[PDB]
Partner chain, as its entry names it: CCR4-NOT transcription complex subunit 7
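Before any questions on binding or motion, here is one chain by itself as structure tokens, the form deposited without the partner chain.
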């Protein structure tokens, strides 16, 4: 919805790297927990009239440093954080903003758009 859909798009993209690699059941729980985690964190930091505002704060980073939400979802689903980081694209940035979901593999990699609703 106003936030549900976008988070869903990003989650789908993220766990697609985990399936077939890690236990199916654990990946589902991981996704469910991450979803609840993102909604809670994003609340109060989602401005439809200006999606760019709070974009850095919302961005999920998974590279040399990893977003706490990924660490939490792992610990709440029985997945080892290192298995998760090992299966995801190196230096990944995932932006979840109103009307747009995108990512980038590598500090200097291209910004790819998964979802976008420019009205």
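Positions refer to the first chain, counted from 1.
Not pictured, yet referred to below: the form deposited with the partner chain bound.
Of the heavy atoms in residue 59, some are within 4.5 Å of the partner chain in the bound PDB entry.
Contact annotation: residue 54 falls within 4.5 Å of the partner chain in the bound PDB entry, judged by heavy atom distances. Contact annotation: residue 48 falls outside 4.5 Å of the partner chain in the bound PDB entry, judged by heavy atom distances. Among residues of the shown chain, residue 13 is not one whose heavy atoms approach the partner chain to within 4.5 Å in the bound PDB entry. At a distance of at most 4.5 angstroms from the partner chain in the bound PDB entry, none of the three residues 3, 8 and 33 contributes a non-hydrogen atom.
Contacts with the partner chain in the bound PDB entry, taken as any heavy atom within 4.5 Å, map within 71-106 to 93, 95, 97, 100, 102.
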